[PDB]
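What follows is a single structure, written as structure tokens, with notes after it.
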Amino acid sequence: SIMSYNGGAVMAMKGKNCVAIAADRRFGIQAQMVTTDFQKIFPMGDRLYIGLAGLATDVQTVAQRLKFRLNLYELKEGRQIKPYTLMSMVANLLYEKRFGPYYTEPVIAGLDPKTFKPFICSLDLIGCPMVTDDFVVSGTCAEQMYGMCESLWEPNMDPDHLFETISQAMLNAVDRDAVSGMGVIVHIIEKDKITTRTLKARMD
Amino acid sequence: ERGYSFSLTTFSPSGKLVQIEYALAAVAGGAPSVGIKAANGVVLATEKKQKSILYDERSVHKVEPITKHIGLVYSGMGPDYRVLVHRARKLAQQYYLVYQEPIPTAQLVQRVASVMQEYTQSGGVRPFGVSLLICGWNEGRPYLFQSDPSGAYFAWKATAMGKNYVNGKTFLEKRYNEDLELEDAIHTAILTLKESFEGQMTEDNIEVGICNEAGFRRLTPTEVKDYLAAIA
Amino acid sequence: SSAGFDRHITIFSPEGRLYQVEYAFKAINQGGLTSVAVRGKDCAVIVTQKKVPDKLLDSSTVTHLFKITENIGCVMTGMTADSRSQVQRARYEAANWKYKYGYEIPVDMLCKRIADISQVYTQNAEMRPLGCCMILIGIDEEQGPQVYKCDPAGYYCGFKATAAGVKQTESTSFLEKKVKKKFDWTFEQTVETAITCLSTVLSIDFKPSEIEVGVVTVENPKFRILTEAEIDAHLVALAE
Amino acid sequence: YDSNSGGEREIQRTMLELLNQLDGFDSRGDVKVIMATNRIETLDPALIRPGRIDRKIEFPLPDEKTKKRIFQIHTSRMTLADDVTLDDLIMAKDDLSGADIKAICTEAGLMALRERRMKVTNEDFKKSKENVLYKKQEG
Amino acid sequence: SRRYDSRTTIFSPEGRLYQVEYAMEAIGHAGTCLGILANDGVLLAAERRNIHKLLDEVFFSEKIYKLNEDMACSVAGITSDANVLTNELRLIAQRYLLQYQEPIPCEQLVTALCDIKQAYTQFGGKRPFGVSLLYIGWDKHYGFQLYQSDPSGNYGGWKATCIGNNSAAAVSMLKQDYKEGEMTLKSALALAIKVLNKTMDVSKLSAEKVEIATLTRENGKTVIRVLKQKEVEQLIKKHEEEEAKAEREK
Amino acid sequence: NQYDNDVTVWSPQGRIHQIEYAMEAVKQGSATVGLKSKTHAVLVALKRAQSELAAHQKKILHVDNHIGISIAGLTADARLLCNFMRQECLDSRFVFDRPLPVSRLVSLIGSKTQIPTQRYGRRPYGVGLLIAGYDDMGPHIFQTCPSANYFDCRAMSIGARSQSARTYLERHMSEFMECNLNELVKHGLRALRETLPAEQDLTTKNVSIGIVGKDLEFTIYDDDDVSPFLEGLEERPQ
Amino acid sequence: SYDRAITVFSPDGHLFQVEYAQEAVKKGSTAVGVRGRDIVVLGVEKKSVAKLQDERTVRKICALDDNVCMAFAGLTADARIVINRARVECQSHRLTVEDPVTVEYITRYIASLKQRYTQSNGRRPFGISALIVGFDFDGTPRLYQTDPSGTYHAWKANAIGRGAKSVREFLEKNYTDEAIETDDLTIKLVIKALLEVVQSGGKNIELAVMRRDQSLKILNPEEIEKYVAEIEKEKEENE
Amino acid sequence: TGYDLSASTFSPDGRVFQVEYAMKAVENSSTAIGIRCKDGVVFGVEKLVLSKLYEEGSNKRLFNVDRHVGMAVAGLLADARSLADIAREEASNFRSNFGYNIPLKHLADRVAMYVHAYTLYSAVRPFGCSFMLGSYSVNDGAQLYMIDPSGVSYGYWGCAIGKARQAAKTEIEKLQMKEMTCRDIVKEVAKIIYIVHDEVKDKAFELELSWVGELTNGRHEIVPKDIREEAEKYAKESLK
Amino acid sequence: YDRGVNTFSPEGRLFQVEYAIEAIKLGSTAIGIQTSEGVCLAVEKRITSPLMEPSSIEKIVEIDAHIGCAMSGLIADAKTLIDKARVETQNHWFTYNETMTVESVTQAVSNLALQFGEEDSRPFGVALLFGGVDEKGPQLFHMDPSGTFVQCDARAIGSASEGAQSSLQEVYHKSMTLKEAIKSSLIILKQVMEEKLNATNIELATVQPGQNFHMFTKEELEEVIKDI
């Protein structure tokens with residue numbers, strides 16, 4: 001469809017003191033395999049990330065306009081941005097086009113800059129925010145993400161069990177759907193330092 | 001208008017701005033007011049006296065709170081004051097609509113400072129004759145800022161605007177210091193505004209707004225006569 | 001203490017003064033009129049006289065009291081055309097209040113708006129400051145009657161008993177002596193004072209036709225212009 | 001106006017009669033007239049057509065060789081140390097006339113007398129100079 | 001309404017721009033700042049105007065502004081008149097970054113801003129900007145640079161500075177104290193504390209009356225460095241001790 | 001005299017000198033006299049040239065079949081208001097498909113000339129317009145002014161020493177309403193011929209004549225067209 | 001916006017701010033240039049460097065195209081504006097009409113733009129005068145000049161700046177076709193003009209050259225002192 | 001010194017001389033008066049014969065703005081014709097949104113608002129015109145209004161404009177407002193206008209009488225001077 | 001007395017326009033001639049230095065095919081009138097598939113002569129002469145800054161305008177021939193030039209009904225020089 005043209009899926013999950021976020025590496029037009037290097041999860045500040053899924057032009061465009069507004073914001077105020085501020089900012093950015101709405105699925109995963117508090121949120125394409133304490137999923141297929149995540153996620157996890165959890169969720173979530181696949185990258189961040197890995201995904 | 005719009009403010013032989021100097025003089029002829037930033041939060045103490053006992057002070061206020069956490073006072077001319085206050089009142093909102101969050105004192109002074117700046121250079125119109133003292137409490141630490149006709153701003157633990165502000169400024173230099181509680185700041189603010197006050201002081205002769213880190217609050221003449229009774 | 005165009009336009013003098021508005025406040029006295037406002041307990045009274053040089057003058061056209069809204073009356077001073085423009089701006093903006101917010105305007109916020117408009121009139125150097133003055137009344141919830149005075153400095157204020165204009169500066173000095181003491185106020189007390197202060201200021205002691213009494217009360221909340229008959233009743237009532 | 005005097009136009013009319021008496025009706029006497037000023041802007045053209053209509057000179061600021069020439073003129077009398085160099089002087093300074101560098105000669109000899117030397121040293125010429133350099137930079 | 005106009009845009013009968021002269025005279029007073037070449041770094045020093053201890057001083061960098069990740073400026077003139085320019089220029093650089101997703105080179109930024117300042121010189125009868133500031137930053141090519149914003153709309157991009165009119169003796173001091181390729185930012189810094197130790201009229205050189213900020217090269221951060229008072233105090237008193245060693249010859 | 005700066009200022013006597021100086025701009029043009037009878041309407045204008053080979057500069061110019069105009073003053077505003085005039089003509093001539101009654105037309109001239117007579121930094125138009133036309137009530141001769149106040153006459157004149165032409169007008173102008181086109185035209189040149197100093201003609205190429213009638217469409221006549229009108233003339237006395 | 005009469009006709013017939021705005025050019029830095037059969041060499045002087053500072057950031061010569069080089073006078077800022085404008089122009093003439101830009105064309109653009117600039121309300125007439133040199137298509141030499149009035153005018157060699165009448169007075173002795181019959185004679189010829197003009201301290205002298213169809217190049221001041229050495233030894237052989 | 005130039009500017013006395021000059025410039029125009037009877041309103045104008053000059057029945061200061069409303073103007077003529085276009089279009093707007101005759105009060109109030117609005121700015125000049133306004137209706141009666149170059153809009157039973165003003169409106173007190181019918185006020189105002197304005201001041205002139213009221217059924221036009229022709233008959237015999 | 005630039009004189013008329021009439025008195029002088037054989041026009045370039053390149057000065061450019069023109073005083077002010085007039089003629093050729101007459105270009109310029117003002121900018125200081133051949137043949141025209149137009153036979157402008165018009169009306173008649181008018185004109189031209197006559201000093205503007213276009217060229221001119 002419109003959103004499923006380029007395909008793709010983004011998943012973020014809150015750990016104990018940390019937060020995990022992951023997405024597939026694949027790019028392409030419909031059933032055609034194009035390139036597996038494509039980047040979706042983008043850094044904003046430190047100890048905070050953001051994912052995007054949908055049209056790659058809207059992905060890149062939103063990342064650019066967003067990074068613009070953030071740079072002005074933090075240039076004017078020496079503090080780093082808070083996650084809520086970023087949330088309502090992206091919501092404002094998506095509602096600015098009502099009758100000309102972009103096509104994306106913003107997923108924000110980042111810690112509080114003041115404390116270490118973990119935080120996740122996901123929005124609607126016209127700017128409707130949503131916050132959950134377990135995980136926020138956006139992408140092509142439902143039963144895969146919601147299914148495996150509801151079937152797995154636990155309240156308090158070390159970074160390892162969190163890692164393997166979102167890993168199996170993204171693997172078995174991808175392996176049923178053809179438009180998403182071709183490698184998966186996982187970003188797992190904490191207050192102290194950021195850790196990133198690359199899952200081994202079937203290239204089928 | 002007629003589209004003339006030429007800035008009437010040129011540079012003097014020394015480069016000074018004539019009309020801005022004169023507006024600074026008009027502020028100096030303003031009402032005596034003071035504010036103190038210390039410890040728990042900010043305390044703003046102005047002076048409003050009636051030229052005739054017909055006047056009713058329950059009607060118009062010298063203190064117009066921008067948000068529940070941020071108030072404001074002034075010196076100079078109310079006509080301009082009310083105007084730019086309506087302006088900043090409207091202006092904090094856009095910031096809210098964007099972030100859904102109270103606008104920081106620093107950012108208020110930033111945007112209002114720019115409005116006043118361009119307002120000097122704007123086409124064929126005088127600058128303001130108002131110098132603002134803005135209070136606010138954000139992120140646990142309160143803040144006290146001061147504007148000028150040219151748009152520049154500073155920060156003080158205590159200061160004064162209006163007649164004698166140098167004298168009472170030096171009084172606040174020695175006496176006021178450190179960080180002390182709302183009770184102390186109110187005390188010494190009633191002393192320093194008691195300096196240039198008339199022979200009698202009443203609950204309606206002054207106005208005291210306070211910025212707690214729980215949020216800004218405007219005191220009533222009830223508490224004004226309560227603490228000041230027993231003046232200083 | 002003046003240099004440049006500052007006497008011809010709106011800027012600041014060497015001392016910070018601006019001559020235009022002080023030329024306006026004395027541009028009020030060209031009318032040679034007297035505006036009197038007295039507020040009672042439940043009522044508020046306005047009284048103003050007029051000059052009839054010709055028998056061709058219609059008494060109904062030169063009336064200086066204007067009804068902005070059902071509950072809101074007003075009186076002007078100064079030059080005339082400025083007062084009328086002010087009056088249509090007033091009525092207009094009241095109606096916009098009712099259209100936007102759907103409830104009746106407190107009239108205080110009306111003095112705020114008209115005042116700010118006067119400030120915009122002071123700002124532009126290529127526009128005239130419009131030196132007419134404005135006084136209002138009305139009724140509000142649990143506020144009883146109110147009085148407010150908007151002047152062409154870009155500001156508003158309102159008090160118990162207030163008067164501004166030619167001979168009104170001494171009428172305040174008579175007023176403060178009449179108001180206190182402890183004086184309590186009935187309706188006919190505030191009417192009676194409404195005549196007295198103007199009398200002791202003028203001492204013409206004349207027909208009720210020249211003065212015009214505007215009134216508002218919380219019995220009938222609507223503004224009302226008095227008929228000469230009942231006025232003359234108060235006139236032979238205050239003469240004992 | 002000095003003391004109690006008026007007025008601007010009467011100063012303009014006394015300048016005017018200066019013109020007519022210079023114009024003039026009718027005086028062939030000479031008494032030639034040499035006029036000068038800093039500013040030619042405020043001077044009224046009413047002067048120039050009667051006189052001086054034919055002749056007026058412009059004063060340029062000196063160039064490198066003129067500056068150097070003038071420094072040689074003023075230092076002709078004063079004995080200077082062997083290490084005194086005019087090049088760095090005329091290059092470091094900007095748009096100075098005769099009495100400027102003549103004044104730096106004067107203070108150079110002043111501090112040379114503070115050391116009671118009949119001959120000025122280039123170091124004391126550069127710092128003593130720096131009193132006028134900083135002097136125009138201070139004011 | 002034509003007699004009320006001051007005709008600011010027109011020339012002056014000698015060929016000069018009469019308003020721009022005063023626009024230079026504005027910077028003639030007020031701020032006193034400096035800046036000098038540095039290998040693997042750059043230096044900026046600015047005198048803090050109000051020495052009154054009642055100030056909160058919570059603004060962090062005040063007379064110095066951070067306009068970009070790799071760039072910064074030190075202003076001299078009307079502070080708010082400058083602020084309009086900092087928001088402006090910051091927005092320009094930030095929208096170039098928006099465009100190419102690549103840090104803006106200092107040059108086109110400076111020049112474009114200077115032309116924006118020139119728009120009021122060419123027309124409009126407006127009050128021209130009486131603000132003149134400095135520039136620092138790193139680029140892919142020339143590395144570290146310095147530039148000078150002028151009131152006339154020109155940029156005089158240098159390797160040394162004069163801010164303000166007080167600093168002309170500091171320019172002569174620099175020409176006597178110059179060098180080629182020495183940083184040793186510490187050397188040129190003690191040179192700076194020396195410059196203000198003479199030019200700046202207030203003696204003893206109180207650390208809080210002045211301020212120093214540097215920008216050094218890093219991978220890939222390009223560190224912007226604002227300093228605490230104490231490690232500057234040891235540099236100040238250190239340099240005063242160096243003058244105590246210099247008077248040893250007498 | 002500093003209160004004569006622009007149009008905006010009312011003089012101490014209440015008279016804007018700008019419009020007066022525009023009138024004096026009208027008085028410098030070459031004299032012309034328009035006139036009508038109870039049937040036909042005629043205007044006569046005298047050209048002036050710069051040198052010998054330079055063409056005598058024309059005045060009378062055709063506008064619409066039923067309406068022509070004379071002129072004096074700035075040629076710029078003359079051709080401008082003339083263009084606006086063609087516009088006005090083809091307007092009603094288009095929508096209503098009828099000619100234009102002169103009255104409401106000239107009120108449109110007054111409305112077009114009004115606004116520049118007031119706004120700051122504006123000027124009036126130097127105008128010597130003399131209009132002749134036929135609505136259902138027949139002949140009309142109007143005249144304009146820089147102040148935009150128009151008059152309706154049996155005969156009027158503007159330019160240099162055109163009041164002398166009126167001093168010829170008064171006597172015979174009760175008779176001008178009677179006679180036909182020809183001798184009315186020679187009455188017209190008898191009105192213009194005194195605007196010349198008495199020592200020169202009144203030749204062919206130096207004069208322009210225009211006539212319009214009830215059933216006669218407006219036509220310009222010059223040189224060979226006025227040679228029948230210029231012949232059979234008795235010379236002025238000495 | 002801003003609508004006012006910038007410059008009017010004084011009753012003598014002349015404008016003021018234009019004919020008078022030439023005075024900023026008359027006080028501007030000295031620059032000259034010549035055209036030749038093969039190589040065109042311009043000239044500039046009065047650099048007046050602080051000797052601790054960078055010349056390329058204050059650089060006084062640029063190019064719209066690799067074919068056409070720029071040399072100006074007056075104040076630097078307006079030169080920036082007009083230079084960028086002309087760059088956009090030659091770029092637009094490169095878009096449509098694919099050929100390179102002809103000097104007469106661009107110079108008509110600069111000059112005309114500067115004229116309608118001195119026309120409209122609220123515009124301070126440019127106080128800059130410039131020269132435009134290059135190599136024609138079909139290999140011809142080319143130069144033009146500008147004026148505050150905006151009049152493009154083709155010269156054989158350039159005299160502007162301070163002392164321009166003295167400069168051109170020497171160019172009376174320059175113009176003989178033997179100079180330049182050689183290329184380094186054209187270079188040493190422009191250096192022999194600017195050597196007479198102004199101070200000619202052998203340092204602030206700077207020149208740019210364009211040889212036939214070769215792109216522009218600037219000699220590093222080794223050839224400034226070399227050509228000054230041959231001009232000096234030539235003045236010694238003149239004895 | 002400069003205080004007379006712009007209408008935007010005040011003066012050390014607190015008024016504008018642009019309005020004074022414009023006012024006294026209107027005084028130089030020929031006397032044109034008006035009066036209202038019980039059944040209508042009688043306009044009257046004296047038009048002067050200067051030289052010949054031109055055809056009679058031209059540039060008459062009597063205008064017709066609406067079916068029931070017309071003008072009798074004085075002062076600068078072009079601006080008065082412009083005001084006739086103004087009020088004409090304004091009655092077209094009232095007719096547009098509503099569809100009945102504009103009450104004279106609101107029409108005069110709008111024209112007063114414009115005339116006022118051109119007195120505040122140095123872009124335009126104060127208007128050089130002063131005119132009479134009158135109307136009639138059965139749901140209203142006969143109303144007359146008088147408008148000045150300052151913008152003050154009130155009403156009379158009768159008023160006087162032009163050079164002869166006070167001496168002309170003096171004996172109008174002999175004309176009774178109600179008791180006198182309009183057909184008689186025709187010859188009344190005829191005798192005022194003919195008797196006033198001595199023939200030596202202007203060697204020749206004429207009389208124009210426009211009329212609106214009940215006799216014409218609300219239609220406003222010139223009650224034809226050849227109809228009744230009562231001026232000359234009476235006015236010629238009235239000189240003694 | 002600085003007043004609005006739009007203000008009439010007390011006599012009177014527009015200040016700045018009447019001054020622009022004087023602005024032409026100093027410009028380059030030229031002489032056109034209208035003769036039934038064709039229009040011949042001529043100007044003096046007024047050249048200063050060997051720097052000055054002689055072919056770079058043109059006071060005459062051919063507007064259309066059949067329309068030439070001359071200028072005076074200021075130049076880059078005339079450039080706009082010239083170009084835009086070419087546009088007008090070409091649009092006339094758009095609609096009507098013919099040649100815009102020489103007389104209609106005149107008012108097509110002088111109608112936009114004075115648009116200048118501030119609100120709602122400076123008048124043009126250049127006189128023009130129109131040569132051309134319409135259906136009635138050779139036409140020489142003359143226009144001024146104020147827009148006033150008159151058709152001439154032999155007209156002069158510039159500094160020499162006065163005495164050249166005197167000696168011109170002295171030597172003129174209606175029976176002239178083309179080269180006769182050419183050499184008779186350059187007689188006055190070589191009386192009104194300070195430097196001796198050469199190929200560079202002048203340029204000729206000539207148009208004839210069937211002899212075209214022309215324009216004109218040197219080396220014919222270089223012969224006409226010695227033809228005196």
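Letters A, B, ... go to the chains of the structure tokens in the order shown; residues in each chain start at 1; ligands are counted from 1 in the same order.
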
May I have all residues of segment 8-229 of chain F that DSSP, computed from the backbone, assigns to helix (DSSP H, G or I), given as a PyMOL selection string?
-> chain F and resi 17-26+75-95+102-117+162-172+181-192+223-225+227-229

For chain G against chain I, with a cut-off of 8 Å and counting only C-alpha atoms, what is the closest atom pair and its distance in Å to one decimal for every residue that makes the cut, ordered by chain and number, as CSV?
residue,atom,partner,partner_atom,distance
G:3,CA,I:118,CA,4.8
G:4,CA,I:118,CA,5.0
G:5,CA,I:118,CA,6.4
G:7,CA,I:122,CA,7.4
G:8,CA,I:122,CA,6.5
G:9,CA,I:16,CA,5.5
G:10,CA,I:19,CA,6.6
G:11,CA,I:19,CA,4.7
G:12,CA,I:19,CA,6.6
G:13,CA,I:23,CA,3.9
G:14,CA,I:23,CA,6.1
G:111,CA,I:76,CA,7.8
G:112,CA,I:76,CA,6.5
G:115,CA,I:76,CA,6.3
G:119,CA,I:121,CA,6.0
G:120,CA,I:121,CA,5.1
G:121,CA,I:121,CA,5.6
G:149,CA,I:76,CA,7.2
G:150,CA,I:76,CA,6.3
G:151,CA,I:76,CA,6.0
G:153,CA,I:56,CA,6.4
G:154,CA,I:56,CA,5.9
G:155,CA,I:51,CA,5.1
G:156,CA,I:51,CA,5.2
G:157,CA,I:51,CA,6.0
G:158,CA,I:51,CA,7.4
G:168,CA,I:51,CA,8.0
G:172,CA,I:50,CA,7.8

Please provide the set of residues having any atom within 7 Å of segment 45-52 of chain E, restricted to only C-alpha atoms, with same-chain residues fewer than 3 positions apart removed, written as an MDAnalysis selection string.
-> chainID E and resid 32:35 55 63 208:213

Could you give me, as JSON lines, a per-residue list for chain F showing, wherever an atom lies at most 6 Å from an atom of chain I, the closest pair of atoms and their distance in Å to one decimal, using only C-alpha atoms and sorting by chain then residue number from low to high?
{"residue": "F:5", "atom": "CA", "partner": "I:3", "partner_atom": "CA", "distance": 5.2}
{"residue": "F:21", "atom": "CA", "partner": "I:10", "partner_atom": "CA", "distance": 5.3}
{"residue": "F:25", "atom": "CA", "partner": "I:12", "partner_atom": "CA", "distance": 5.7}
{"residue": "F:53", "atom": "CA", "partner": "I:153", "partner_atom": "CA", "distance": 5.5}
{"residue": "F:54", "atom": "CA", "partner": "I:152", "partner_atom": "CA", "distance": 4.3}
{"residue": "F:55", "atom": "CA", "partner": "I:151", "partner_atom": "CA", "distance": 5.5}
{"residue": "F:75", "atom": "CA", "partner": "I:148", "partner_atom": "CA", "distance": 5.6}
{"residue": "F:76", "atom": "CA", "partner": "I:147", "partner_atom": "CA", "distance": 5.9}
{"residue": "F:121", "atom": "CA", "partner": "I:4", "partner_atom": "CA", "distance": 5.8}

Restricting it to C-alpha atoms, dump the selection as a CSV table (one decimal), in the first residue's frame.
chain,number,residue,atom,x,y,z
F,5,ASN,CA,5.0,72.9,-0.5
F,21,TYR,CA,-0.2,77.4,-10.2
F,25,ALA,CA,0.0,76.5,-16.3
F,53,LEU,CA,10.2,73.5,-40.4
F,54,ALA,CA,8.8,72.3,-37.0
F,55,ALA,CA,5.1,71.4,-37.4
F,75,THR,CA,0.5,67.0,-23.7
F,76,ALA,CA,1.2,64.1,-21.3
F,121,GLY,CA,2.8,64.0,-3.0

Contact check, chain B to chain I, at most 12 Å, counting only C-alpha atoms, closest pairs as a tab-separated table:
residue	atom	partner	partner_atom	distance
B:2	CA	I:119	CA	8.7
B:3	CA	I:119	CA	8.3
B:4	CA	I:119	CA	9.4

Just to be explicit: take each residue in the selection above, keep C-alpha atoms, and write the result as a short mmCIF file (atom, residue, chain, number, x, y, z; two decimals), in the first residue's frame.
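What ended up in result.cif:
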data_model
loop_
_atom_site.label_atom_id
_atom_site.label_comp_id
_atom_site.auth_asym_id
_atom_site.auth_seq_id
_atom_site.Cartn_x
_atom_site.Cartn_y
_atom_site.Cartn_z
CA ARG B 2 1.44 56.14 4.62
CA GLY B 3 4.33 53.71 4.17
CA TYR B 4 6.93 56.26 5.24
#

If you run DSSP over the backbone, which residues in segment 41-225 of chain E end up strand (DSSP E)? Put them as a compact mmCIF listing (two decimals) with N, CA and C atoms, in the first residue's frame.
# COMPACT_ATOMS: atom_id res chain seq x y z
N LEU E 43 41.62 31.14 19.70
CA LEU E 43 41.43 31.81 20.98
C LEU E 43 40.53 33.02 20.81
N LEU E 44 39.64 33.23 21.78
CA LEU E 44 38.81 34.42 21.85
C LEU E 44 38.78 34.89 23.29
N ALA E 45 38.97 36.19 23.49
CA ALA E 45 38.94 36.79 24.81
C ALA E 45 38.09 38.05 24.75
N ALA E 46 37.22 38.20 25.74
CA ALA E 46 36.30 39.33 25.77
C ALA E 46 36.21 39.87 27.19
N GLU E 47 36.25 41.19 27.30
CA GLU E 47 36.07 41.86 28.57
C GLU E 47 34.60 41.81 28.99
N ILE E 64 30.24 36.14 24.25
CA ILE E 64 30.53 35.11 23.25
C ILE E 64 29.24 34.34 23.02
N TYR E 65 28.95 34.03 21.76
CA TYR E 65 27.79 33.22 21.44
C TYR E 65 28.22 31.99 20.67
N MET E 71 31.46 26.67 15.12
CA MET E 71 31.71 28.10 15.01
C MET E 71 31.15 28.85 16.21
N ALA E 72 31.64 30.07 16.39
CA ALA E 72 31.21 30.94 17.48
C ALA E 72 31.67 32.36 17.16
N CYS E 73 31.11 33.32 17.90
CA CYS E 73 31.35 34.74 17.64
C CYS E 73 31.41 35.52 18.95
N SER E 74 32.13 36.64 18.92
CA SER E 74 32.28 37.54 20.05
C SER E 74 31.83 38.92 19.60
N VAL E 75 30.83 39.48 20.28
CA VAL E 75 30.12 40.65 19.78
C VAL E 75 30.61 41.92 20.47
N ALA E 76 30.56 43.04 19.75
CA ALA E 76 30.83 44.36 20.30
C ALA E 76 29.85 45.35 19.68
N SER E 132 29.40 45.07 15.43
CA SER E 132 30.56 44.48 14.78
C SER E 132 31.08 43.38 15.68
N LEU E 133 31.22 42.18 15.13
CA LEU E 133 31.61 41.02 15.91
C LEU E 133 32.70 40.26 15.16
N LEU E 134 33.22 39.21 15.81
CA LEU E 134 34.28 38.37 15.27
C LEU E 134 33.73 37.00 14.90
N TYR E 135 34.60 36.17 14.33
CA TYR E 135 34.19 34.85 13.90
C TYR E 135 35.34 33.87 14.07
N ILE E 136 34.99 32.64 14.46
CA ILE E 136 35.93 31.54 14.59
C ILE E 136 35.26 30.28 14.07
N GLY E 137 36.06 29.33 13.63
CA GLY E 137 35.51 28.06 13.19
C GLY E 137 36.50 27.26 12.37
N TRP E 138 36.13 26.01 12.13
CA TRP E 138 36.94 25.08 11.39
C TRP E 138 36.20 24.66 10.12
N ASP E 139 36.95 24.45 9.04
CA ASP E 139 36.38 23.99 7.78
C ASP E 139 37.25 22.88 7.20
N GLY E 143 40.90 25.12 7.52
CA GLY E 143 40.96 24.85 8.94
C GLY E 143 40.42 25.99 9.78
N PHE E 144 41.26 26.53 10.66
CA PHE E 144 40.84 27.57 11.58
C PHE E 144 41.00 28.95 10.97
N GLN E 145 39.98 29.79 11.17
CA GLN E 145 39.93 31.10 10.55
C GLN E 145 39.39 32.12 11.53
N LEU E 146 39.57 33.38 11.16
CA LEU E 146 39.04 34.53 11.87
C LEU E 146 38.44 35.46 10.84
N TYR E 147 37.34 36.10 11.20
CA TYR E 147 36.73 37.07 10.32
C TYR E 147 36.20 38.22 11.17
N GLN E 148 35.98 39.36 10.51
CA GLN E 148 35.58 40.59 11.18
C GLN E 148 34.36 41.15 10.46
N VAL E 210 37.10 40.06 32.75
CA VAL E 210 37.34 39.61 31.38
C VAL E 210 36.76 38.22 31.22
N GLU E 211 36.89 37.65 30.02
CA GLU E 211 36.48 36.27 29.80
C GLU E 211 37.25 35.73 28.60
N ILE E 212 37.52 34.42 28.64
CA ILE E 212 38.30 33.74 27.61
C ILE E 212 37.56 32.48 27.18
N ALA E 213 37.50 32.25 25.87
CA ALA E 213 36.93 31.04 25.30
C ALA E 213 37.79 30.59 24.14
N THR E 214 38.03 29.29 24.04
CA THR E 214 38.83 28.72 22.97
C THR E 214 38.04 27.63 22.26
N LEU E 215 38.50 27.30 21.05
CA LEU E 215 37.93 26.22 20.25
C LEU E 215 39.08 25.44 19.64
N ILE E 224 34.44 23.10 21.76
CA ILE E 224 34.24 24.50 22.14
C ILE E 224 34.45 24.59 23.64
N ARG E 225 35.42 25.40 24.05
CA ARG E 225 35.93 25.39 25.41
C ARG E 225 35.66 26.72 26.09

What is the atom CA of residue 129 of chain E to atom CA of residue 137 of chain D distance in Å?
->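 Calculated distance between atom CA of residue 129 of chain E and atom CA of residue 137 of chain D is 24.0 Å.
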
What are the closest atom pairs, with distances in Å to one decimal, for all residues of chain H lying within 12 Å of chain E? Consider only C-alpha atoms, order rows by chain and residue number, and present the result as a tab-separated table.
residue	atom	partner	partner_atom	distance
H:2	CA	E:3	CA	10.5
H:5	CA	E:1	CA	9.8
H:6	CA	E:1	CA	8.3
H:7	CA	E:1	CA	11.1
H:8	CA	E:1	CA	9.9
H:9	CA	E:1	CA	11.0
H:121	CA	E:1	CA	10.2
H:122	CA	E:1	CA	7.2
H:123	CA	E:1	CA	8.4
H:124	CA	E:1	CA	11.5
